[PDB]
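Since the structure comes first, as structure tokens, the remarks are kept for the end.
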Amino acid sequence: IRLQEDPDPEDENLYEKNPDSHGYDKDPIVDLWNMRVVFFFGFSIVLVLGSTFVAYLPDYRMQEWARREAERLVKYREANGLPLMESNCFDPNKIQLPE
Amino acid sequence: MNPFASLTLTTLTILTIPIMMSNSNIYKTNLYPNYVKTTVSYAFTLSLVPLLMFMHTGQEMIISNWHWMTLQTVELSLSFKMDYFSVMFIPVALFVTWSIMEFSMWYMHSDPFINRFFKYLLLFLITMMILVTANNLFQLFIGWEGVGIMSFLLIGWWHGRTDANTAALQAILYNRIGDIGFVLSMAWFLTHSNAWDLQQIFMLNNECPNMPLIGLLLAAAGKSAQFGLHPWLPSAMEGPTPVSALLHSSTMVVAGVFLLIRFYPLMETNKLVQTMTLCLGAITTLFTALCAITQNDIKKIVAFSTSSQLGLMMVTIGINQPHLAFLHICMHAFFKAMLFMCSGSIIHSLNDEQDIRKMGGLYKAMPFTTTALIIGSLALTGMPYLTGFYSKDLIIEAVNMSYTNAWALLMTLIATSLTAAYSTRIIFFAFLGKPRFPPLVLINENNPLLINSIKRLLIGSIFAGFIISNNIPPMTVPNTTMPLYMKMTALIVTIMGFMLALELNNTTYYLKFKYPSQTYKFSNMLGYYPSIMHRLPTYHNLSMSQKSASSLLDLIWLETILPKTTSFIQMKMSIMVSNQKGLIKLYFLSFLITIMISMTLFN
Amino acid sequence: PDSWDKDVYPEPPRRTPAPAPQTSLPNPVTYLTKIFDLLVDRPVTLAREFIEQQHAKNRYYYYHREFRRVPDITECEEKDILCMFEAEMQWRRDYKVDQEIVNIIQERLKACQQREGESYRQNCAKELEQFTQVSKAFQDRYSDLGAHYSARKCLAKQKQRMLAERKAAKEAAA
Amino acid sequence: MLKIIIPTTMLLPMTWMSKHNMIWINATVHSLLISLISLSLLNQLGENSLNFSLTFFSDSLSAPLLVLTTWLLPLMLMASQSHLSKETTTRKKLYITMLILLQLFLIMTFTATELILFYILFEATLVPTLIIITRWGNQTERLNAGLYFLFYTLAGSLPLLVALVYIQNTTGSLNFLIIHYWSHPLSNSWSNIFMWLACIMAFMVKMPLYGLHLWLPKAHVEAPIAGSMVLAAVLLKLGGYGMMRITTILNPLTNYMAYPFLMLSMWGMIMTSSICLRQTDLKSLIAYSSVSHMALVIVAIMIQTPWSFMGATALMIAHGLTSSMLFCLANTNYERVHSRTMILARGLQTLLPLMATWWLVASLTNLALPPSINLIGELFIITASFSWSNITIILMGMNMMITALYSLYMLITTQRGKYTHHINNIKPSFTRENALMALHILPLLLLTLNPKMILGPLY
Amino acid sequence: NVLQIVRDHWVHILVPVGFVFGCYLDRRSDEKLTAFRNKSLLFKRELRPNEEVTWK
Ligand SMILES: CCCCCCCCCCCCCCCCCC(=O)OC[C@H](COP(=O)([O-])OCC(O)COP(=O)([O-])OC[C@@H](COC(=O)CCCCCCCCCCCCCCCCC)OC(=O)CCCCCCCCCCCCCCCCC)OC(=O)CCCCCCCCCCCCCCCCC
Ligand SMILES: CCCCCCCCCCCCCCCCCC(=O)OC[C@H](COP(=O)([O-])OCC(O)COP(=O)([O-])OC[C@@H](COC(=O)CCCCCCCCCCCCCCCCC)OC(=O)CCCCCCCCCCCCCCCCC)OC(=O)CCCCCCCCCCCCCCCCC
Ligand SMILES: CCCCCCCCCCCCCCCCCC(=O)OC[C@H](COP(=O)([O-])OCC(O)COP(=O)([O-])OC[C@@H](COC(=O)CCCCCCCCCCCCCCCCC)OC(=O)CCCCCCCCCCCCCCCCC)OC(=O)CCCCCCCCCCCCCCCCC
Ligand SMILES: CCCCCCCCCCCCCCCCCC(=O)OC[C@H](COP(=O)([O-])OCC[N+](C)(C)C)OC(=O)CCCCCCCCCCCCCCCCC
Ligand SMILES: CCCCCCCCCCCCCCCCC[C@@H](O)O[C@H](CO[C@H](O)CCCCCCCCCCCCCCC)COP(=O)(O)OCC[N+](C)(C)C
Ligand SMILES: CCCCCCCC/C=C\CCCCCCCC(=O)OC[C@H](COP(=O)(O)OCCN)OC(=O)CCCCCCC/C=C/CCCCCCCC
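If you're matching them up, the sequences are chains A, B, C, D and E in order. Under UniProt numbering, the first residue of the first sequence is numbered 53, with each subsequent residue one higher. Under UniProt numbering, the first residue of the second sequence is numbered 1, with each subsequent residue one higher. Under UniProt numbering, the first residue of the third sequence is numbered 2, with each subsequent residue one higher. Under UniProt numbering, the first residue of the fourth sequence is numbered 1, with each subsequent residue one higher. Under UniProt numbering, the first residue of the fifth sequence is numbered 3, with each subsequent residue one higher.
Here's what the structure looks like:
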């Protein structure tokens with residue numbers, strides 16, 4: 053041997069001292085409460101509440117607004133015989149091309 | 001509202017219900033198999049109702065109930081296509097699944113995870129219904145991959161069996177090449193048509209091109225086990241017999257044929273893809289029947305029969321007859337499911353024996369399964385008024401009377417003869433003659449579950465063809481006028497196959513021994529396709545994956561170019577800089593050189 | 002139903018033929034429709050009547066947001082960040098509205114295909130030409146701008162199109 | 001963003017002031033609360049970004065990445081408390097401090113509105129990661145892995161700093177909004193080519209590009225479980241976020257300069273999948289799978305179309321979740337048998353059934369199974385590549401086949417077959433490990449339910 | 003006793019008060035960017051009789 057070194061310790065099993073262990077801590081009470089807070093907060097609060105919050109987020113992306121605007125535009129343009137999609141994005145009168 | 005949409009969606013939903021209950025005390029009890037079977041029965045009746053509604057006025061609808069997401073100008077929504085194909089195939093699939101679930105309740109009685117088995121069967125049924133009712137390519141792909149992965153899970157039912165695991169992965173590999181074709185088709189359709197839904201695809205593709213249609217053909221070949229991608233279907237006989245009976249043979253392998261049928265407008269528009277489909281189907285049916293006529297494993301014989309019938313369906317699509325292919329799908333579902341159930345009954349009664357060389361005497365030993373298998377084999381070969389006559393006979397008539405490939409027509413006729421041949425082989429080696437099984441006779445087919453399931457699938461194999469054929473609207477012009485010999489072609493070749501196979505089988509009794517022929521070795525060893533093409537390309541791919549990629553490039557050359565060479569150069573320069581003796585004479589001479597250089601070369 | 006606008010989403014009048022039975026046999030479809038109406042339609046209609054009664058007691062309204070027009074990128078001076086920002090936002094909103102117009106026309110096309118059924122190739126020719134025109138205009142406007150599209154890039158594309166058209170007109174008039 | 005930034009800097013003193021047995025409980029609970037608060041950033045706009053102040057802003061690209069970072073912190077705490085039982089209180093608190101510092105740097109990185117502040121934070125993430133690897137890794141090779149990781153990243157990123165200060169001198173600003181509104185075409189010249197190279201090479205090394213990827217197996221295999229989780233799920237995505245952001249100023253030169261990188265990405269995607277097929281180590285298999293998926297994301301960014309960016313965002317989020325889960329599963333196996341070899345422990349389905357279910361679900365998401373967001377992103381990238389050219393479909397299909405092959409190979413090897421006879425210490429799965437897997441996998445399926453939340457700004 | 007719980011669980015208010023302080027600083031940052039309040043061409047309107055500013 054080249055050193056005064058400790059032997060490699062045996063692996064510690066959490067189920068030996070505490071058969072009904074959750075794997076969080078050596079102390080039974082701390083282990084139980086760690087399980088409880090993780091399950092409650094994570095699953096209940098974050099999963100359920102965040103999923104329902106995201107489901108009912110207000111329509112700030114303007115999908116339904118854009119659909120209603122498109123319906124108004126289509127109704128007006130087909131009533132008057134105009135093309136449904138304008139051929140140009142901008143006004144050629146406003147655009148000044150080089151000679 | 002009319003009850004059409006409500007009843008179709010109700011069938012699908014009540015199919016999904018017992019999966020929700022798979023986390024309850026009922027799932028922990030032994031009533032779960034019966035619960036799932038009862039659910040499938042009720043779904044079958046509720047699906048019968050809209051079939052009657054369609055059979056009266058030809059009512060069809062699409063239901064885009066839920067909008068999923070809008071990719072700018074592309075809208076993906078959850079849509080269902082309740083048309084002729086869906087409303088006819090759903091009741092047939094539910095009927096077959098109900099019978100199979102009862103037979104599995106008897107057959108898997110000693111399985112520790114029979115409840116998981118039934119949950120997996122119901123999940124496969126759900127995915128297959130999604131595939132069939134899907135109205136857009138994305139939902140169709142969901143069902144596609146769902147049935148693929150459920151097939152994977154059910155083939156490897158016994159996880160300790162290395163052969164089962166290899167078979168499962170093999171099925172995944174071949175269906176994944178099919179999925180390559182499917183994704184190519186999806187990308188083309190979106191890019192060139194701005195849609196994944198069948199309505200816009202059909203409206204915009206007045207002439208569909210080779211690239212999307214060949215993508216669809218490749219996907220169908222992969223999913224339906226056509227030639228080149230065939231070996232996974234016979235190898236999928238590792239799973240329990242109910243899995244082979246329901247999933248592969250009857251309802252899942254018809255996925256590719258169903259895909260090609262659903263795109264019959266585009267298929268009509270194109271012609272080269274029609275020729276390719278016809279030729280692929282012809283070679284598939286011939287090759288698989290030829291492999292079947294010499295197998296000694298009953299499940300393998302039935303699996304090759306399934307592949308041959310799928311080849312016949314692909315031939316039918318290639319002659320521009322999509323509705324005949326659908327009719328054959330239904331009839332084949334009936335009698336092939338019954339044949340697999342009878343095979344499973346024989347296997348169970350003989351202590352998990354699957355070798356026809358060890359079966360024998362079962363004609364009198366097992367009366368009801370004998371008569372059921374005889375009726376099924378007659379229906380398979382096209383007895384003049386059973387369920388297989390109303391599809392196979394019309395298919396053969398249409399093939400003979402079309403502007404077809406001569407070689408495809410010849411191969412189709414030879415395959416019909418070989419079908420009669422291997423059906424004869426099964427009957428002759430399993431039921432006729434003296435026994436060959438071990439002396440402890442445990443034969444007992446008197447279970448009401450087995451008898452009732454086979455009985456239900458046996459009535460359909462006799463009368464369902466007549467009923468369905470007479471209740472569907474005429475969707476094709478018939479072949480009213482044709483020569484008498486051409487009219488009787490199917491019967492003549494079927495009887496010739498019966499007679500030749502019977503003579504060859506009777507020759508086995510003679511006290512004469514002869515070594516096998518090259519043709520026998522080719523047919524028995526599956527044409528050597530699994531050997532060569534499961535050892536050579538896999539070996540080369542796995543050798544390249546290590547010798548070239550992992551070792552030569554990652555561990556050797558990519559490491560040498562940047563980090564090893566740079567580190568070596570820096571270490572060498574560090575040694576050069578720091579290797580000094582600390583002699584003031586030396587580095588003051590260096591100072592002198594530096595001063596002279598700075599004075600001269602800097603101006 | 003007053004839920005949507007029949008002009009925006011048209012449907013042809015529905016011609017349903019009257020039944021003309023020629024048999025003494027009872028109609029299972031009719032019997033099952035009667036059973037369905039008795040067992041399902043009546044309970045669901047009662048439930049909806051109760052819910053709609055509860056809704057009418059708590060009536061409240063929501064409005065559709067109105068955006069006024071602002072000067073566009075053509076009028077905005079070079080590197081005038083505020084006018085450029087307003088013009089870019091307006092162009093983005095117009096891009097969204099155009100996308101939804103194309104979606105409406107596609108919905109018309111799909112519905113007509115399914116409705117006509119076996120004679121869709123002839124009966125849906127009006128919807129196919131309308132979709133062709135709308136899609137061609139939309140493509141010419143926003144075809145190849147890229148992931149980082151902007152009102153300046155679309156203006157450059159339109160200026161290029163105008164130059165090409167002017168050159169073609171000059172060559173034709175030559 | 002301060003309502004999310006300050007609670008992290010308050011996680012720090014709370015961690016150092018809590019009792020010796022309450023550190024894990026406090027850190028986990030308040031990390032979950034901060035994740036819930038950060039969920040409010042998903043309410044984005046259709047026109048522009050959320051410009052909180054002069055220093056921070058949020059977008060449809062930043063918000064899912066922030067949510068993923070904040071959600072990943074408590075999972076890392078759970079895995080860490082698994083493997084750090086015998087440590088001293090001070091060293092446990094130092095480990096938690098490194099994790100909190102990394103999260104704070106990542107938050108400010110995704111929300112920084114200037115390219116120079118973004119550079120400072122995205123380079124600041126190196127120190128906690130290097131300390132975690134080279135201090136709490138198990139094997140000898142953690143030191144060499146840390147050296148490789150550090151020097152690859154810095155060699156990539158120093159020319160980026162030079163290019164950024166040059167662009168600030170040239171145009172007057174490095175603000176993302178200003179450089180977006182005042183962008184000009186990049187003419188085809190050698191100077192512009194080397195500017196393009198500086199920027200893109202920084203982020204390609206961070207990605208990594210195939211051929212610049214060896215640091216990734218070295219670091220991901222040799223890091224502790226929390227280090228592996230954050231390296232794969234979030235730190236690989238700094239390259240994608242940076243490449244998406246900085247390509248505003250690199251057009252039209254990106255049309256001509258992307259050929260070498262597209263070729264490297266496609267062929268190396270094939271090559272890394274094939275490597276995965278023949279790996280004797282489980283952690284290395286997961287690392288090379290990460291390389292393949294990031295190659296696909298690089299292809300998406302380089303072809304640079306509205307459909308490719310959405311697929312890139314979806315694939316980045318999905319890969320983060322899936323790879324983190326796979327690393328956690330492999331780590332549970334390692335904590336059983338104390339070896340990373342894949343064929344040592346077999347029959348784990350008949351020894352641990354629920355863990356077999358978790359393995360099945362993680363491997364089903366790793367390969368693109370519809371309708372998972374993994375498949376959604378992969379399919380959008382494939383469609384955009386098909387519009388780019390029609391042989392990209394050939395390469396993409398080959399990659400999908402090989403991905404399914406190696407994923408199911410890993411599942412069958414570890415879980416199926418017969419158990420090793422002499423491994424007699426496979427204790428039943430802990431509630432902590434089961435909950436870790438559930439918290440990895442449920443958000444993925446919910447994201448499948450609502451997919452517009454992870455499709456980026458181009459949606 | 004009760005004191006020990008406060009002696010031990012006084013660290014559970016740090017993250018909540020950090021959230022509150024961050025919200026306050028967000029409001030302060032917003033109140034310095036009020037140079038175009040009720041001045042954008044798209045959103046400029048008349049003030050209501052009982053309001054001083056359009057947004058805070
Ligand atoms: C096991 C089940 C779950 C399975 C999945 C599990 C995994 C996922 C979980 C969820 C994850 C996401 C979480 C999201 C949270 C937010 C929830 C949300 O947004 O919900 C959306 C949505 C709510 O929308 P909303 O915007 O809130 O309301 C819009 C309207 O205002 C509404 O209109 P209204 O004003 O008319 O309202 C009607 C009212 C009243 O309804 C009725 O009246 C209907 C019933 C009528 C009955 C009529 C008969 C009554 C009896 C007879 C009475 C008379 C006497 C007669 C006697 C006769 C005797 C014979 O009902 C409601 O309002 C119910 C709303 C939904 C409640 C449930 C929400 C649960 C959320 C829980 C979240 C928890 C966290 C999740 C994640 C956790 C981690 C996993 O709810 C649903 O979507 C629920 C289901 C919708 C109906 C059924 C649809 C069937 C579709 C069939 C398709 C078949 C396909 C088959 C394919 C496969 C086979 C091929
Ligand atoms: C590169 C070429 C590519 C060709 C592509 C096209 C392929 C077409 C295939 C056609 C069908 C071939 C059937 C035989 C192949 C398999 C042989 C085998 O191993 O069987 C064992 C297998 C029993 O297995 P096992 O009990 O284990 O026996 C083991 C023993 O060691 C016993 O083992 P073994 O090996 O000693 O027994 C075989 C032996 C005895 O088996 C037979 O003879 C089989 C029956 C042949 C019938 C041929 C037609 C006869 C006439 C039919 C009626 C039409 C004429 C007109 C009648 C009147 C009409 C009004 O036969 C031979 O050795 C001679 C060759 C057999 C045919 C070869 C066909 C060409 C491919 C090979 C070319 C090179 C061969 C070189 C020689 C071999 C190497 C040295 O046999 C059966 O189960 C019976 C199957 C054969 C009869 C099926 C029904 C008839 C088939 C269709 C005929 C045409 C009907 C009408 C069609 C429609 C017309 C419009
Ligand atoms: C505020 C919380 C912290 C936030 C940090 C943020 C950055 C701040 C930087 C400066 C921090 C101040 C200086 C702290 C020096 C601490 C030295 C020490 O002994 O620490 C252990 C000491 C307790 O242990 P001890 O009894 O002294 O026994 C020591 C024995 O060695 C025990 O025996 P042993 O053998 O078990 O211990 C061995 C251990 C002993 O080693 C140590 O303790 C050394 C700790 C690191 C050295 C200091 C580095 C300073 C330079 C700046 C970077 C710091 C980042 C990490 C900060 C760690 C803070 C402890 O060494 C090792 O295990 C070797 C590990 C080697 C790798 C890790 C060390 C380097 C980490 C830093 C590099 C990464 C920087 C990344 C770049 C970004 C920087 C922001 O911890 C403390 O006293 C905690 C300090 C903070 C207390 C709370 C203060 C706030 C109170 C509430 C305020 C409320 C405000 C109002 C709120 C509104 C509501 C009312
Ligand atoms: C009109 C202009 C020209 C059109 C050319 C059209 C070419 C069509 C054929 C392309 C085939 C490409 C290869 C894919 C497989 C066959 C697909 C197909 O259906 O082809 C049509 C052909 C038949 O179509 P065909 O030849 O009639 O094509 C139409 C011909 N013209 C143009 C005249 C109209 O299909 C078959 O014959 C089935 C063959 C299946 C082969 C499966 C692989 C086996 C390989 C064996 C050899 C190598 C050793 C083992 C390797 C095993 C595999 C790893
Ligand atoms: C025993 C179990 C058997 C299996 C059962 C499960 C399998 C069945 C799954 C299929 C059934 C799905 C049920 C669907 C019910 C409808 C609810 C759903 O559709 O709503 C979704 C809502 O989206 C979901 O909320 C998804 C939320 C995504 C998760 C949010 C994050 C959760 C916190 C965790 C952080 C993780 C961060 C990871 C990176 C971001 C989709 O949006 P939408 O239907 O139109 O909303 C309706 C409300 N409207 C009308 C007002 C609009
Ligand atoms: C398009 C993408 C590329 C398509 C071609 C890919 C060819 C190579 C595929 C990858 C190589 C496989 C790498 C490692 C996989 C593992 C190998 C393995 O598990 O073993 C083989 C495994 C099991 O072996 P068994 O024989 O069942 O053993 C029985 C036990 N007593 O089975 C397999 O996976 C064999 C797969 C071989 C692939 C070759 C098939 C290629 C066929 C392509 C023809 C296409 C024609 C389609 C017609 C289209 C009509 C338009």
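Just so you know, even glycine gets a beta-carbon here, dropped at the ideal spot from N, CA and C.
Name, please, each residue of chain E whose Cβ falls closer than 7 angstroms to the Cβ of residue i.
{"i": "residue 19 of chain D", "result": "10"}
Rank the options by C-alpha distance to the C-alpha of residue i and give the top, closest one.
{"i": "residue 269 of chain D", "options": "D:210, D:310 and D:286", "result": "D:210"}
{"i": "residue 376 of chain B", "options": "B:477, B:464 and B:76", "result": "B:464"}
I'd like to confirm something about residue i: is its beta-carbon nearer than 7 angstroms to some heavy atom of ligand 8, or not?
{"i": "residue 279 of chain B", "result": "This structure does not include ligand 8; its bound ligands are ligand 1, ligand 2, ligand 3, ligand 4, ligand 5 and ligand 6."}
Who are the neighbours of residue i on chain B, taking C-beta pairs under 8 angstroms?
{"i": "residue 277 of chain D", "result": "541, 542 and 545"}
Can you name the residues of chain C whose CB is closer than 7 angstroms to the CB of residue i?
{"i": "residue 620 of chain B", "result": "Here chain B comprises residues numbered 1 to 603, so residue 620 of chain B is not present and cannot be evaluated."}
{"i": "residue 46 of chain D", "result": "97"}
Run through chain E and tell me which residues come within less than 8 angstroms of residue i, C-beta to C-beta.
{"i": "residue 6 of chain D", "result": "20, 21, 23, 24 and 27"}
Residues of chain C with CB closer than 9 angstroms to the CB of residue i, please, in chain order.
{"i": "residue 199 of chain B", "result": "110, 111, 112, 113, 114, 115 and 121"}
{"i": "residue 144 of chain A", "result": "159 and 163"}
For a contact meaning CB atoms closer than 7 angstroms, what does residue i contact in chain D?
{"i": "residue 70 of chain A", "result": "What residue 70 of chain A touches in chain D: nothing, since even the nearest Cβ is about 11 angstroms away."}
Under 8 angstroms Cβ-Cβ, which residues of chain A neighbour residue i?
{"i": "residue 134 of chain C", "result": "135, 136 and 137"}
Are the stretch 227-244 of chain D and the stretch 580-593 of chain B touching, with three or more C-beta to C-beta distances below 8 angstroms? Result no; under three Cβ-Cβ pairs closer than 8 angstroms.
Is it true that the stretch 372-385 of chain D meets the stretch 235-253 of chain D, where meeting means three or more beta-carbon pairs spaced less than 8 angstroms apart? No: the two stretches stay apart, fewer than three of their Cβ pairs being nearer than 8 angstroms.
Say whether the stretch 85-105 of chain A touches the stretch 104-113 of chain D, bearing in mind that this needs 3 or more beta-carbon pairs closer than 8 angstroms, one atom from each stretch. Between the stretch 85-105 of chain A and the stretch 104-113 of chain D, the count of Cβ pairs shorter than 8 angstroms is below three; the stretches do not touch.
Can we say the stretch 96-105 of chain C touches the stretch 120-127 of chain A, given the rule of at least three CB pairs closer than 8 angstroms? As far as the Cβ criterion goes, the stretch 96-105 of chain C touches the stretch 120-127 of chain A, which means the pair count is three or higher.
Cβ contact check for the stretch 5-19 of chain D and the stretch 85-103 of chain D: 3 or more pairs under 8 angstroms: With the cut-off at 8 angstroms, the stretch 5-19 of chain D and the stretch 85-103 of chain D touch.
Could you name the residues of the stretch 138-163 of chain C whose beta carbon sits closer than 7 angstroms to any beta carbon of chain D, in the order they occur along the chain? The residues in question are 147, 148 and 149.
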